[PDB]
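First come two forms of one protein chain, each written alone as structure tokens, so that there is a structure 1 and a structure 2.
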Structure 1
């Protein structure tokens, strides 16, 4: 995640965010961060299946064509069983899924950048740092929250901030990422100003007062910078997204027979 990034974009580049009704995404393909979704559904339980079933029905009823992306090896805990059960449900629902080689959000970004889908759906702001042109938030949110879809357009973030993607990555590192430490005492607005002036963490560090703003020791900022700009992602040319007919009888055998959900409920959803 990126600490304070959504708040910063709302304060300093508000035209990069649009709040939209779910009906406005008719006909669009979306790459869902399935790993972040199942985690949210979990926050033997069946809420990973309840969430995946109902939020997927919601997307399809609004004309959205979702593809679910699952995490691979890393560069409340979601288990192999949760992922396997969700994939089994997705297959019987006729919804496509992809296994990312590493972070799902980086591979959802790759699908958007390649033009395979319109947007990446995740609450994780790392998706923008990994370079997704469009990020949609609150797509899988409970109807109890009645949240609009919060869409971020990365090009307008870069445009309002007067930055390229390399500089934006260094800004996110200074904001506080999960790949390395940030510099203590430099807040979000000061980090924007420093990057706009000096462009890189390298040019900032050679200027900071070591008495005032020392940098972390064994700082992995170069490795973090490289992972965001060149992430390990799925090859979008190997992807052909297809959606098929849900298998109602098998969905009943799995959700009702094996997982004890209501038959009338599952049948009405199918």
Structure 2
């Protein structure tokens, strides 16, 4: 993420944010940060503070969400491609260490909340310990294949590869909550795309070109702004928040120039600041080749889906079979069969 970027845009570039009704998206393709949505399901999809699971102890919360949400999207003629995170860049090592530190603390506090019986505390610390694993990813991929829904493995950060897919015109937008997708250059970011049958949060599109126009910046300058706001890849300058950062960038145009003009006593910069490395990472990230794989939405394998979800994962046969019928008919409505010439 980028610290306070969403709020900053709402305050200083409101026209970059557009809202449309879900009925307007029929036929559109979108790239989805899979690892992130699996995470959301593991955290939220609970009964008695416990994830859903089959009788043999295997978690099924993530399969539950991925199955049903994907179908609801397709019912609206929205065609998702799911993108999975790869190996993190070295620059992120610091941030990851911080996370593992927090996990170690959370593990202690979980234990003591248990010897204290504090059930609501236990639930909190258990949520803090939720972690998307390789098995979670492998099960979702397996499921998506059976559903006929495409997915890709990013070489590194999935947001970066989502952005690259939008730039190449392979999908219309990147659908994620992580704003660093814009820092990676995604022309369009959709937030709150769940296509939920219960409404709530309006669908928001962020348009990068509108953002750059409103702030009066090019993409290089925008990335420098984000670094100053605070990213995962390097430190920012203490004392410099969203307000002073926009002004410094609009005036000095670059962190390099900002540092030369800043008084080393009033606003000292981080020692051995890696802003240059991060800048390079946001602008030239390692990404999949968007011309490589042709995205297709295939017919769902109904019988194998039933064996997997019902036979193995113990989902209701009625709900699953009903889901597959809906998915199949909705695909038929929004997708053209392949043609040979």
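Numbering follows the first chain given and starts at 1. In this text, rigid core is short for the largest set of C-alphas that superpose within 1.5 Å between two forms.
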(message) Rigid core aligned, does the Cα position of residue 142 differ by 2 Å or more between the two structures?
(response) yes
(message) Superposing on the rigid core, I want to see if residue 22 changes position between the two structures - specifically a Cα shift of 2 Å or more.
(response) yes
(message) Superpose the two forms on the rigid core and tell me the Cα shift of residue 261 between the two structures in angstrom.
(response) 1.0
(request) Look at the Cα of residue 129 between the two structures with the rigid core superposed and state its shift in Å. (result) 0.1
